[PDB]
Amino acid sequence: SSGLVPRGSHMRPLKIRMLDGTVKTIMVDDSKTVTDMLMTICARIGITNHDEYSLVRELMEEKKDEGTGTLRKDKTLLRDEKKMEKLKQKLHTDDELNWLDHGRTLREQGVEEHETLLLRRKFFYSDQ
């Protein structure tokens, strides 16, 4: 290994978020399918399995609501015997999750590199 000159393939900085944690700035040596791209990324983070692990297009939160209700119409709730939502247990969101699969590229699916790529196992078995 002496004549290994970089910039051989197409390399780009990809916004990839670790599962349920945080997005990392990782470069990808992309050339083939989403497989080719993501397997590199997963190798950068020490993940080697995609049977349960698929990818989602993480749409960036550009519009965050300030509602918690309509507020203006009807000041509050006329009962208030129980506050069903004061705090949010389980950050369950399927809104930011726009799943994308393999058998194709990001080019085919019309998704650009500015889109954050979220990895998450839709098949998650840890209920014990």
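Header annotation of the entry names solution NMR as the structure determination method.

(A) Representation of the packing of aromatic side chains. Counted according to the given criterion, the structure contains zero aromatic pairs. When the ring centre of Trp 99 is taken as reference, the NZ or CZ atom of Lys 122 above it lies at 4.3 Å.

(B) The pattern of salt bridges, seen in detail. Counting across every chain of the model gives eight salt bridges. The salt bridge partner of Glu 96 is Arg 17, with a shortest N-O separation of 2.6 Å. Placement of the pair is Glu 96 in the loop between β3 (53–58) and β4 (97–100) and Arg 17 in strand β1 (residues 10–17), with a sequence separation of 79 residues. A single burial state applies to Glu 96 and to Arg 17, both of which are buried. With a closest N to O distance of 3.3 Å, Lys 64 and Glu 61 form a salt bridge. Assigned by exposure class, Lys 64 and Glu 61 land together as exposed. One network of salt bridges, in which partners are shared, links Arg 12, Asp 30 and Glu 113.

(C) Main features of unusual backbone geometry. Even without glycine at this site, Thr 68 takes up a positive phi of about 70 degrees. Looking at the element boundaries, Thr 68 is found in the loop between β3 and β4. In this structure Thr 68 comes out as exposed when scored by relative accessible area, which is 80%. With a phi close to 75 degrees, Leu 71 is a non-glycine residue in the positive phi region. Residue placement: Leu 71 occurs in the loop between β3 and β4.

(D) Quick peek at the sheet that holds β3. The sheet built from five strands is open, its strands ordered β2-β1-β5-β3-β4 with mixed pairing. The open sheet has two edge strands with one neighbour each: β2 (23–30) and β4. Going from strand to strand, the sheet's axes swing by 45 degrees on average, the running direction of each strand aside. Helix-sheet contacts for helix α1 (residues 34–45) involve β1, β2, β3, β4 and β5 (116–121), and the interaxial angle to β2 is about 130 degrees.

(E) Expanded view of the nonpolar core. One finds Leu 38, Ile 41, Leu 55 and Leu 117 to be the most contacted residues of the largest nonpolar core, which totals 17 residues. Secondary structure elements with two or more residues in this core: β1, β2, α1, β3 and β5. For this core, the element with the highest residue contribution is α1, accounting for five residues. When near neighbours in sequence (up to four residues on either side) are disregarded, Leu 55 contacts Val 34, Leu 38, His 50, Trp 99, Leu 100, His 102, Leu 117, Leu 118 and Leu 119.

(F) Spotlight on the side chain of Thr 105. Within the secondary structure layout, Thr 105 lies in the loop between β4 and α2 (106–109). Taking the relative accessible area as the measure of exposure, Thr 105 reaches 14% and is therefore buried. From its side chain, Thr 105 meets the backbone nitrogen of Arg 107 in a polar contact 3.3 Å long. Within polar-contact distance, the side chain of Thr 105 engages the backbone nitrogen of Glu 108 at 3.2 Å. In this structure, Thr 105 is in contact with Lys 32, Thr 33 and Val 34, ignoring residues within four places of it in sequence.

Cut-off values and rules
- Residues numbered from 1 in each chain as written, not as in the entry; some residues may be left out.
- Heavy atoms only, no water.
- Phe/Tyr/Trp six-rings, centres within 6.5 Å; stacked < 30°, edge-to-face > 60°.
- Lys NZ or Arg CZ within 6 Å of the ring centre and 35° of its normal.
- Salt bridge = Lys/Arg side-chain N within 4 Å of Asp/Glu carboxyl O.
- Helix = DSSP H or I, 4+ residues; strand = E, 2+ residues; numbered from the N terminus.
- Buried < 20%, exposed > 50% of the residue type's maximum accessible area, 1.4 Å probe, protein only.
- Pairing = 2+ DSSP bridges.
- Axes fitted to C-alpha atoms, helices over the stretch in contact; angles between N-to-C directions.
- Contact = heavy atoms within 4.5 Å.
- Core = buried A, V, L, I, M, F, W, Y, C linked by side-chain atoms within 4.5 Å.
- Polar contact = N/O pair within 3.5 Å; in protein donor to acceptor, adjacent residues only side chain to side chain.

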